[PDB]
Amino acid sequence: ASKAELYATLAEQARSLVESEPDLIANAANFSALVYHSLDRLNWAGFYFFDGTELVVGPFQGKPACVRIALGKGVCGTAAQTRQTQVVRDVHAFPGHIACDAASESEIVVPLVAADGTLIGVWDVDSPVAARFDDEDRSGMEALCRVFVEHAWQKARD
């Protein structure tokens, strides 16, 4: 299946899954499981949630990794501080990449921002192969995260 097909399907599956469920933790864990087992050549997929000061890991699929990430530090901290998606083809060349993120060869991080500008956290996907993610994954991952923010986080906050 092409990337365009996979992300179109994932977007509707994700919306179906989280709209029918109030609990944010359930929705974050099921979302991580859905994406992780639908895309090949991944070794990590999951959430970090902002605690008012820094990122703190939430539900994820993969091996134990970073537990806390300061804003500005590494790919995830850079995404949270700049509020810009990070598409990294070679994590070992990303300036300031952090030790607990060493299992990843390439990475995509989408910042999650509430409608009122509050930093929610980041969505982080890692691969053990080089240049796994391109700008179509940028489009596709961001569409999945918009579903999550609108129909899981924004709902529970209200």
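Residue indices: 1-based, along the sequence shown.
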query	finding
Between the two ranges 120-128 and 28-36, the one averaging a larger CA B factor in the entry	120-128
Residue range whose averaged C-alpha B-factor is higher in the record, 50-58 or 88-96	88-96
Per the PDB entry, maximal CA B factor within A45, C66, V109, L112	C66
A8, C-alpha B-factor rank within chain (lowest, middle or highest third)	lowest
